[PDB]
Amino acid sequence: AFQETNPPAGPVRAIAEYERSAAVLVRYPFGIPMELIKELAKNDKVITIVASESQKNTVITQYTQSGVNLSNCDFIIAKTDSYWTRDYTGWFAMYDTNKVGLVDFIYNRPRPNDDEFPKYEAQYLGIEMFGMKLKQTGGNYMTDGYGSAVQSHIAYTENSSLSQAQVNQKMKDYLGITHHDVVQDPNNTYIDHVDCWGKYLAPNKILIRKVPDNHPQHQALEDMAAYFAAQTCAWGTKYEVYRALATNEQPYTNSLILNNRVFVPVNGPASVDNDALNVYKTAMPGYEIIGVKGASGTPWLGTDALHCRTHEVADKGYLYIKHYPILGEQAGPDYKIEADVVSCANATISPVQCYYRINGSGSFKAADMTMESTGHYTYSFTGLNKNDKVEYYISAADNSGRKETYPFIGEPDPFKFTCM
């Protein structure tokens, strides 16, 4: 059964889907095509949930026959009621400066095996688990990694014995959420999950579903796009709002960001699918955008597609870069950046660098950042003239072999500012 615990030792920071992932969780019997599992296993660890050793063996046979990369296949043996790992598996958060933890909750469906699964997930991964006493579902949750979370109104109505203030306080305590952005669902379906209409693509980018002008939900979705366009994101700029046009209820926002790859469910027609994939390519330079056809037995639905049947797993030894960039018109006279770098692997960090380019000319140059205090690094851009345009990103490495950049994708999408 659900076990309430004290929240994690602070400060707490929920991890975003576009941060480093060590694995992806899927479940058998399958709700996803074998081609998706094969694609995932090329570069990432795929953890398949099975109910028994016999089911594990059945799945290994199927993976071997389909040419899945077995060297990237792991298994968790636990009973589950469904393949919606997005919704019932635990949520990841950093706490106590450099630890990765799992947050359990009361799954909002009558699925006791699914509801119990986070306990087996935490034990499998070797991390601590915290029990947040809220009725929740992962499909109705997304965080920017900077203390904001977007959820539809069911986060309140399915916790109606608690005040909104108490619900917000639990999200703050267990996940570090300082802006619990609870919105009226615009999609007109029974499910009321954010992932069927909205997705943070980066701290400063949000993808919102779009439908034809004559569709009954056209204005609700246009209103939702305007709502985020007027908001200041974690980096201090207004959100970049991208739109994926669903001409016929195609679940284009129901994608999975896994490290440098994005898996987008497609169900036709080809031209409309390709238009949606091109939105992701424009929004996410440097990422590999992959269109994924559905399984014939369990097709993608407008209320249930690829994101709904997967869940990313954070790196328990995460090399985390905390950075608030300097963007747009910078008054100066100083152009100083700061980054906090912590290793959840308790690995020795070196080097910490700033990669930069001036007036988009030549190649990116590397400069060492100064460690001013433990985990706190700084860099000042010197010799810059009026109207100089700077491109930069942060890079860190540690002695466990981890290598991370901020932004995650690095060089293909750097921070940009102009000297005033």
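Throughout, we count residues from 1 along the sequence that is shown.
Practice task
Compare the mean C-alpha B-factor of 210-218 with that of 74-82 as given in the PDB entry, and name the stretch with the higher value.
Solution key: If you average the C-alpha B-factors of 210-218 and of 74-82, the larger mean comes out for 210-218.
Practice task
Select between 255-263 and 295-303 the stretch whose C-alpha atoms have the higher average B-factor in the entry.
Solution key: Looking at the record's C-alpha B-factors, the answer is 295-303.
Handout entry: Largest Cα B-factor, entry values, listed residues 116, 288, 121, 329
Key = The listed residue with the largest C-alpha B-factor is 329.
Practice task
Among 94, 339, 277, 129, single out the one with the highest C-alpha B factor in the record, please.
Solution key: Reading the PDB entry, the winner on C-alpha B-factor is 339.
Handout entry: Modelled-residue ranking by C-alpha temperature factor, third containing residue 273
Key = Residue 273: CA B-factor falls in the middle third of its chain.
Exercise for the section: Could you say whether, by C-alpha temperature factor, residue 27 belongs to the lowest, middle or highest third of its chain? Expected result: Answer is lowest: the recorded C-alpha B-factor places it there.
Handout entry: Assigned third (lowest, middle, highest) for the C-alpha B factor of residue 236
Key = As the PDB entry reports it, the C-alpha B-factor of residue 236 lands in the highest third of its chain.
Practice task
Please place residue 156 in the lowest, middle or highest third of its chain by C-alpha B factor as given in the entry.
Solution key: Middle third - that is where residue 156 ends up once the chain's C-alpha B-factors are sorted.
Handout entry: Third assignment of residue 379 from its chain's C-alpha B-factors
Key = Highest third, going by the recorded CA B-factors of the chain.
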